[PDB]
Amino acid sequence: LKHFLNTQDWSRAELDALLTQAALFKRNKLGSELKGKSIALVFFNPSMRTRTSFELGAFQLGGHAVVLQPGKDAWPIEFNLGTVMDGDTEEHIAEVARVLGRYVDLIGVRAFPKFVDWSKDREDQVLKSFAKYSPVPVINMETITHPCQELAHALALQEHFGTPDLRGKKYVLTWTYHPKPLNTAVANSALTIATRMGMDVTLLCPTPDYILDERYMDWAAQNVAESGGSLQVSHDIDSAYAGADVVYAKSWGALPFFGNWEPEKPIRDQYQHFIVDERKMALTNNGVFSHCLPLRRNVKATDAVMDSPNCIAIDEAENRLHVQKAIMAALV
């Protein structure tokens, strides 16, 4: 059974095929690839673009999406095995996934980490459990990686540069400020796809404490050694931005401070200058800027940067619809 849990699990040929079908769907939006079929969109956290794009995608391909929110409308779910369910959870994922599998043709799941202990969050328990127990394909709508965002992002880049081959371009994945510590998911994904596409990647972040999990630093290393690109970690703003072709910002809490954010607060607060403004973007080679959204203006990026003709965030956002339809079509 083929799932869409991570682009890393797919071959470059399969990913290229997805992106191409995405471009094709962008040209002809209505189709019958999902006629009479349905997808259950399970959300354990908030969403605007993901819920909307998947729901419309199913509709445009002749299918139907059922939106579920455990703890809100659906019953809370237990994932640990062999435990006595006398707590807050009403049913086990074993039953949930099997039941849904009798109703729908695809299952999407969004579940952010709990931020109490990275040792447990990094195991990707919710996603793996759905994939384990579901008799139908499972799609990652963001857990500790955000693969649908990776493809929307990659397509937007290929569209901007007018070619599927991004090798050569200097890609800068920069950390940015936010009053709260966030998920590293989008950053892990950006690092993964940027290297898989063979670009010259630079992970710009405040201090070594903000370096991503080894799992992704290693995926990136293997991707580079096979794509022809390169990976580099930096803590100097100006040097990183210089000559860049692409700048992708994202904020995230330092992994070493999981379950202990009290001391990390003052640390991030002294790096508010990592905000993407005109000054930094001027150091790039007429490079493009993007963010996965939602974005806090004048915090993560300035109004000027967001309204700049070089900001392709809205195009990347649109592409979420096209890439997802390609993913659903490929899995059914």
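One-based numbering along the sequence shown. We call the rigid core whatever largest set of C-alpha positions still superposes within 1.5 Å between the two forms.
Next item on the list: Going by root mean square C-alpha distance after a core fit, say whether 42 to 50 or 57 to 65 is farther from the shown form in 5 other deposited structures of this protein.
Entry: Most displaced of the pair in 5 other deposited structures of this protein: 42 to 50.
Note to self: So, in 5 other deposited structures of this protein, taking the root mean square over structures and residues of the Cα distances after a rigid core fit: is 88 to 96 or 215 to 223 the more displaced stretch?
What the structure shows: Larger mean C-alpha displacement, comparing 88 to 96 and 215 to 223 in 5 other deposited structures of this protein, is found in 88 to 96.
Notebook entry, point to check: With respect to the recorded C-alpha B factors, which stretch has the higher mean value, 253 to 261 or 132 to 140?
Noted result: Averaging CA B-factors over each stretch, the winner is 253 to 261.
Notebook entry, point to check: Given the B-factors recorded for C-alpha atoms, which segment has the greater mean, 14 to 22 or 316 to 324?
Noted result: Of 14 to 22 and 316 to 324, the stretch with the higher C-alpha B-factor average is 14 to 22.
Next item on the list: Just grab whichever of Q222, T184, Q158, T192 has the top CA B-factor as deposited.
Entry: Of the candidates given, the C-alpha B-factor peaks at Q222.
Check: Per the PDB entry, which option out of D105, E91, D209, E150 has the greatest Cα B factor?
Finding: Within the set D105, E91, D209, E150, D209 shows the top C-alpha B-factor.
Next item on the list: Determine, from the deposited record, the chain-internal third of the Cα B-factor for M48: lowest, middle or highest.
Entry: For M48, the deposited C-alpha B-factor lands in the middle third.
Item checked: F112, C-alpha B-factor rank within chain (lowest, middle or highest third) -> CA B-factor rank for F112: lowest third.
Next item on the list: State the tercile, meaning the lowest, middle or highest third, of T145 with respect to the CA B-factors recorded for its chain.
Entry: Tercile = lowest for this residue's CA B-factor.
Next item on the list: Looking at the entry's B-factor column for C-alpha atoms only, identify whether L68 ranks in the lowest, middle or highest third of its chain.
Entry: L68: CA B-factor falls in the lowest third of its chain.
Check: Split the chain's modelled residues into thirds by Cα B-factor; is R122 in the lowest, middle or highest one?
Finding: Middle third, going by the recorded CA B-factors of the chain.
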